[PDB]
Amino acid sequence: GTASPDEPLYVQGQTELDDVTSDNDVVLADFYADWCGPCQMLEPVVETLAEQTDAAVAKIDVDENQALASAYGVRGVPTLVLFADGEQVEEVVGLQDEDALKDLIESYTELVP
């Protein structure tokens, strides 16, 4: 078929984020800062999640998207926001281990009850 979004997408601005959350059913948005250690440790992890799950992964630099971050209640880094059908449905803060994030994604990319 068609090519899936199997690598993370760097996203700047509301229009670019809206494009990703409207074109992909589940999106994990990784709000980061390049000066933050735990943020850099998340980089291989969210890469693996883009490669191994049906979620698209968006990466948003909070220093370059201050108002965008504030609009989603992002008040520190790391913050990861999960979108389902364009709706914010989960928000986790701090370093989240790869298995926990994969489990979070799969509770939306798969039928539950």
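We number the residues from 1 along the sequence you see.
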property: 95-103 set against 15-23, stretch whose average Cα temperature factor tops the other in the entry; result: 95-103
property: 47-55 set against 70-78, stretch whose average Cα temperature factor tops the other in the entry; result: 70-78
property: For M41, the third of its chain into which the C-alpha B factor falls; result: highest
property: Position of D85 among the chain's modelled residues by C-alpha B-factor, lowest, middle or highest third; result: middle
property: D30 by Cα B-factor - lowest, middle or highest third of the modelled chain; result: lowest
